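Asker: Show me the folded form of this:
(chains A, B, C, D, E, F, G, H and I, ligands or ions: 26)
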Amino acid sequence: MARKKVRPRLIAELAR
Amino acid sequence: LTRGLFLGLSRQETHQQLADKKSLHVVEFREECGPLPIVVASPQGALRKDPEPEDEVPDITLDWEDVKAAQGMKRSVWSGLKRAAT
Amino acid sequence: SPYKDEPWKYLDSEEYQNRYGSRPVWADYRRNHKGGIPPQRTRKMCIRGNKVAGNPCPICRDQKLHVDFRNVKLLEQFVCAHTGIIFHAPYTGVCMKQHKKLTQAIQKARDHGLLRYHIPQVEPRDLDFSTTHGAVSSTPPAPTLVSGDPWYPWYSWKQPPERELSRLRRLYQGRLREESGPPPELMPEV
Amino acid sequence: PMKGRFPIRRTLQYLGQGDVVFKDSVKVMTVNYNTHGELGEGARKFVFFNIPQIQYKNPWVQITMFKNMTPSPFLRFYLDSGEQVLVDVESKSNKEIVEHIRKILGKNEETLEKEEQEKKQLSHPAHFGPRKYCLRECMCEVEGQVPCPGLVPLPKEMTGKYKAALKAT
Amino acid sequence: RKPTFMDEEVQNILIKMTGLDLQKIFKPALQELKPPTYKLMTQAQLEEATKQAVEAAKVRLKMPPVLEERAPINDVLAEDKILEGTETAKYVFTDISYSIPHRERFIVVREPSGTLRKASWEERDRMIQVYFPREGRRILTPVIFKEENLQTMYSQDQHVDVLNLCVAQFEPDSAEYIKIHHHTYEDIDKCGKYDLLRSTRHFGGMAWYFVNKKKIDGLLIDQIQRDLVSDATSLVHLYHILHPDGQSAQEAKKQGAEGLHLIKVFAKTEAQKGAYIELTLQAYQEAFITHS
Amino acid sequence: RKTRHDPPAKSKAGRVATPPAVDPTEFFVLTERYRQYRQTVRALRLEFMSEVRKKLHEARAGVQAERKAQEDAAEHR
Amino acid sequence: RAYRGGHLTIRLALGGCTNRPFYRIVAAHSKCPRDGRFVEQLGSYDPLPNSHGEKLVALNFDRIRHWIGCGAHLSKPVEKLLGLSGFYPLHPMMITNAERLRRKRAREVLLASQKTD
RNA sequence: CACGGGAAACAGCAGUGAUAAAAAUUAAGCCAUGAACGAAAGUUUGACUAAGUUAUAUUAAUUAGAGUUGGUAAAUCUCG
RNA sequence: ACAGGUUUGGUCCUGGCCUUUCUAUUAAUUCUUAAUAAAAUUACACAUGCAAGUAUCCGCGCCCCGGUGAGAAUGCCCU
Ligand SMILES: [K+]
Ligand SMILES: [K+]
Ligand SMILES: [Mg+2]
Ligand SMILES: [Mg+2]
Ligand SMILES: [Mg+2]
Ligand SMILES: [Mg+2]
Ligand SMILES: [Mg+2]
Ligand SMILES: [Mg+2]
Ligand SMILES: [Mg+2]
Ligand SMILES: [Mg+2]
Ligand SMILES: [Mg+2]
Ligand SMILES: [Mg+2]
Ligand SMILES: [Mg+2]
Ligand SMILES: [Mg+2]
Ligand SMILES: [Mg+2]
Ligand SMILES: [Mg+2]
Ligand SMILES: [Mg+2]
Ligand SMILES: [Mg+2]
Ligand SMILES: [Mg+2]
Ligand SMILES: [Mg+2]
Ligand SMILES: [Mg+2]
Ligand SMILES: [Mg+2]
Ligand SMILES: [Mg+2]
Ligand SMILES: [Mg+2]
Ligand SMILES: [Mg+2]
Ligand SMILES: [Zn+2]
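Answerer: Numbering: from 1, shown residues only, chains lettered A, B, ... in the order given. Ligands and ions are numbered 1, 2, ... in the order given. Shown next is the protein structure:
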């Protein structure tokens, strides 16, 4: 699933 | 309303008159009696041997209220209410 | 009232014919309500204790009428002759307590055959009537069934070797419990 | 329906009475017809009458119209394996085309009736649950079993309140 | 090669024995009435509509099967004496699956004594109804089938309904079905109400019961009084097929007659009370000659 | 029910477990029953496993499947 | 719902009103709630005797062996329930509880008679 | 979002302050079922089971008050 | 909707508002008992007790159950 307003979260990958 | 009702009811066409002007039998198919072809009126005089022309799609004027009720879309809170005796 | 012996006697009596006549009981009764659309639910009961509440319902205004399964003439008036369905409470005007009595009485009467109702023709349950299959026919006994031996060797109780008992006592020393022997074969009744 | 030339063809019964079910390999149906000439009477009536019925039974099949591009009306079917079926209609009537289509690519009567037969077993009568998916909702709705305590109150000996009272006493 | 109810010979005899009355077979029932539908038909189309009703009538007249009493089930799959007093009630296990016919399902009961045994027919039919409900079948035995209630229905000539209730409620090879059907057949014989089951699909059952109980005196008298002779001799012809090794059937081979004389053979040979039969047949003959 | 990050209680922070007593004769017999019982169920589990393989194989490449595939192909041509 | 892990399990799901239990034999993911979404409902189990003194149990045998064949775990009560039907051998804990009942009853009989004398 | 920062967490059961027209017990048990762990007897579980409280709904009975009475719309007189 | 009240000295037509039906919450007045269902102001701040342990050490499990509707036109169906 996806939408046209997806925000590129980066902190989640940074924390990982 | 009173004049319109009597004018409409006085313009009613009976089965016998329909049979005479068509010269064909009129058969009543009761739903509770199964596929039994009950005959209600017979055309007095000459009986036409030519069958009615069968149209695949009839050209009739339908009222939107009748079709809406038939398809089950009328969901008012006053149509199905329980009322007193006649 | 002296009519409990035969409730249908009142229906055949001259008093009923004189008052109601050919028309049903609920023909002359009209229910007073708040406007054009009557409430979908009538009074719960109009005979509370010993007080008659206002304009009574057709059944609660003459106490000589008894709602039982014996009399069919009274119950026929509350069932549609052509459609064969039970009239709802707003259609007649009876109180809800008596309406419940009518439905139970009508249902009981149809169970005893005193009243006619539609019986659809029903096809037989099964397509082929065969008793040959093993689900209904008796199967050969098991070799362990005829002998009387339990179906599995470990279903019965077997005395363990004393060496194994000593090993368990050493392993579970300190928190040991009193051991028991073979169970009784049959349990008596208190 | 009041508006329209033939209002009867816009009711649920008319959309549901057309029995033409394509096979799973049929994806695209292309219909070309002419708006003039007596030869195109069968094609035009087919578009005006039967196409709503065909699409209703095949929601996943694309149906596209093209008017006045080819002098001879025809129908073109595109399969999943790239196969092209060409149906030529130049004098066939409205009824003939539907019978012709039903045989080249329609499904057989035995296949349809066995398909819904296997669909019935999904709603097994022996299950319990909500009314929308199962017949009964609880075991108390079966005659003979212990009824729901809401309708008929249970005897005191079976109530847990009485069971706990004697155990504590 | 004993005669059976499904033979083509007996079926064809009984098909024309019951007759075909469109008005009685299609009777308006007490259901949710809907407005009728009218259409215009010619004379030719009317016969087509009539013959379709005849075919629908024939399908509606499929006689229910009749069988003998079923043998009781007494089978023990296993015995476990370790569970003698663990539980007080008994467990009933029913295999449910839409693909398995109801005659092959496994219904197994765990009695409190610990014996794993198959369920008897009385409980086996109850369990099938519980998990596979269908119209008209009560889980418990209805009170309508008591002896007292049957007489009330019989006094109101509800014989056609009682048979229709019995086929829906009980299993055709069950014990209760047989005793109810035989009791109904015995009562209509006593009151001479054979006219009620003329066009009813249940007419084959009572005719077959009479031909096996050697009680045709009552049935033959009514048919002659109804001026239905062509089917009456067919009933006698049925008798010879079912009971060949008898004096009556021997006469049919000796004399070798036809028509009403076939009834005369039985009337003077095996008929218990042939006085009425011969006099009524005489009454029919003189009346028919006068009518002709 | 608690979560991973919440702290445990204070009163029940000293005890760990208190196993019950063991009847020697009863425990050995019970252990022997389980060893045979688990063995029996495992064989049934593998027998049912092989049944599923047979059912799935016949639905994919069974003889009737080839008849069906050829019949529709022959009809289409 | 998307769960991290869990194993397919055949278990009993509670139902009915208070003081009137009713269990449905269902097969669902172990991490889903007891009355939550399930794969397929198999049978039923009425815990209370009816007027005939019977506790009705329903089993979908061809489907039950299908889920067991594909690796479905069984809980304690369904194993006891299947063991009674005969589909499985009697659960070892079912027998031991029976033996404990006899010994307790035997102690009860002796204790009553000892006080009597 | 949560490396970090503000900052020091009941949107788990029960309960409290504030606030709102909105008012359940700071209670019992793992006997049943469900989940976790153990080979196993078994243990934990405010999920749940059985209870406490409230006309919020439905039923039965042991229970009698409220509203309305110009018209739509069932129903009144005498005084102020 | 089977419709009803209301424009005007008055009739017809067009056109609003409202009545009559059912469900929930709060409040007023009133209240005897039993059973079942349900329990609902607030993503505001929280005292105290409890809600994840099991197990011959390893390990496995630890918003999984449960709670809420803040957020997002989020989504439903489907590959
Ligand atoms: K527990
Ligand atoms: K108006
Ligand atoms: Mg509950
Ligand atoms: Mg928390
Ligand atoms: Mg809280
Ligand atoms: Mg918070
Ligand atoms: Mg407060
Ligand atoms: Mg509240
Ligand atoms: Mg307060
Ligand atoms: Mg307090
Ligand atoms: Mg506790
Ligand atoms: Mg304990
Ligand atoms: Mg436990
Ligand atoms: Mg384990
Ligand atoms: Mg409670
Ligand atoms: Mg007042
Ligand atoms: Mg004006
Ligand atoms: Mg005015
Ligand atoms: Mg309040
Ligand atoms: Mg209470
Ligand atoms: Mg270990
Ligand atoms: Mg939730
Ligand atoms: Mg809110
Ligand atoms: Mg919001
Ligand atoms: Mg926004
Ligand atoms: Zn009353």
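Asker: Quickly find the element holding whatever residue of chain G ends up closest to ligand 26.
Answerer: Across chain G, no residue is closer to ligand 26 than residue G:17, which sits at 32.2 Å (C-beta to the ion). To be clear about C-beta, it is placed using only N, CA and C from the backbone, and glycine gets the same treatment. Counting by DSSP states H and E, no helix or strand carries residue G:17.
Asker: ditto for residue C:158
Answerer: Judged by DSSP H and E, residue C:158 forms part of no helix or strand.
Asker: which non-adjacent residue is nearest residue E:233?
Answerer: Among residues not flanking residue E:233 along the chain, residue E:262 sits closest, at 4.9 Å (C-beta to C-beta, 6 or more residues apart in numbering or on different chains).
Asker: Hmm, the one you found is touching residue E:252, no?
Answerer: Yes - in this structure, residue E:262 is within contact of residue E:252 by C-beta atoms under 8 Å, at 6.8 Å.
Asker: which SSE is the residue nearest to residue E:233 in?
Answerer: Assigned by DSSP H and E, residue E:262 falls in helix E:261-269.
Asker: what's the answer for residue B:9, then?
Answerer: Going by DSSP H and E, residue B:9 is in helix B:2-10.
Asker: Chain A: helices as residue ranges?
Answerer: Assignment of helices within chain A using DSSP state H yields the ranges A:11-15.
Asker: Can you report how many residues lie near the closest residue to chain B within it?
Answerer: As assessed by C-beta to the nearest C-beta, chain B sits closest to residue A:1 within chain A, at 32.9 Å. The number of residues packed around residue A:1, counting by other C-beta atoms under 10 Å in any protein chain shown, is 2.
Asker: Distance of the residue of chain A found nearest chain C relative to RNA strand I?
Answerer: As assessed by C-beta to the nearest C-beta, chain C sits closest to residue A:1 within chain A, at 46.2 Å. Going from residue A:1 to RNA strand I by C-beta to the nearest atom of the strand, to the nearest Å gives 6 Å.
Asker: Provide a list of residues in contact with that residue.
Answerer: When the contact criterion is C-beta atoms under 8 Å, 6 or more residues apart in numbering or on different chains, residue A:1 has no partners at all.
Asker: Once you drop chain neighbours, what's closest to the residue nearest in space to the middle of chain G?
Answerer: The centroid of chain G falls nearest to residue G:77 when counting by C-alpha atoms, centre = their mean (2.7 Å). Closest residue to residue G:77 apart from its sequence neighbours, by C-beta to C-beta, 6+ apart: residue G:12 at 5.6 Å.
Asker: cool, residue F:64 as well?
Answerer: Nearest residue to residue F:64, sequence neighbours excluded (C-beta to C-beta, 6+ apart): residue F:58, at 7.9 Å.
Asker: Helix or strand: which one has the one you found?
Answerer: Going by DSSP H and E, residue F:58 is in helix F:24-61.
Asker: Can you confirm whether that helix lies near RNA strand H?
Answerer: Yes - residues of helix F:24-61 contacting RNA strand H under C-beta under 7 Å from any atom of the strand: F:26, F:27, F:30, F:31, F:34.
Asker: What of stretch D:133-146?
Answerer: No - using C-beta under 7 Å from any atom of the strand, stretch D:133-146 stays clear of RNA strand H, coming no nearer than 12.7 Å.
Asker: neighbours around the closest residue in space to residue G:51 that isn't next to it in sequence, how many?
Answerer: Nearest non-adjacent residue to residue G:51, counting by C-beta to C-beta, 6+ apart: residue D:144, 5.7 Å away. The local packing of residue D:144 (other C-beta under 10 Å) involves 15 other residues.
Asker: try residue B:11
Answerer: The number of residues near residue B:11, taken as other C-beta under 10 Å, comes to 7.
Asker: if I look at it, how far off is ligand 26?
Answerer: Using C-beta to the ion, to the nearest Å, residue B:11 is found at 47 Å from ligand 26.
Asker: quick one, what contacts that residue?
Answerer: No contacts exist for residue B:11 under C-beta under 8 Å, 6+ apart.
Asker: ranges for the helices of chain B?
Answerer: With helices called from DSSP H, chain B shows them at B:2-10, B:15-22, B:64-71.
Asker: In the last one, which residues are buried?
Answerer: By that I understand helix B:64-71. Along helix B:64-71, these residues count as buried under the neighbour rule (16 or more other C-beta atoms under 10 Å in any protein chain shown): residue B:67.
Asker: What of the second one?
Answerer: Judged by neighbour count (16+ other C-beta under 10 Å), helix B:15-22 contains these buried residues: residue B:19.
Asker: Quick one: residues in contact with that helix.
Answerer: Helix B:15-22 has contacts (C-beta under 8 Å, 6+ apart) with B:25, B:26, B:40, B:41, B:42, B:43, B:44, B:45, B:48, E:38, E:40.
Asker: Which one (most neighbours) among the residues you listed?
Answerer: For those, the largest neighbour count, defined by other C-beta under 10 Å, is 22 neighbours, found at residue B:25.
Asker: Identify the residue nearest that one in space, chain neighbours excluded?
Answerer: Closest to residue B:25 by C-beta to C-beta, 6+ apart is residue E:41, at 5.1 Å.
Asker: burial count for that neighbour?
Answerer: A count of neighbours around residue E:41, defined by other C-beta under 10 Å, yields 18.
Asker: That one touches residue B:38, doesn't it?
Answerer: No - with contact defined as C-beta under 8 Å, residue E:41 does not count as touching residue B:38 (11.6 Å).
Asker: Spit out the residues that contact those two alike.
Answerer: Counting by C-beta under 8 Å, 6+ apart, the residues touching both residue E:41 and residue B:38 are residue B:27.
Asker: Pick out the residue in chain E sitting closest to RNA strand H.
Answerer: Per C-beta to the nearest atom of the strand, residue E:87 is where chain E lies closest to RNA strand H, at 12.9 Å.
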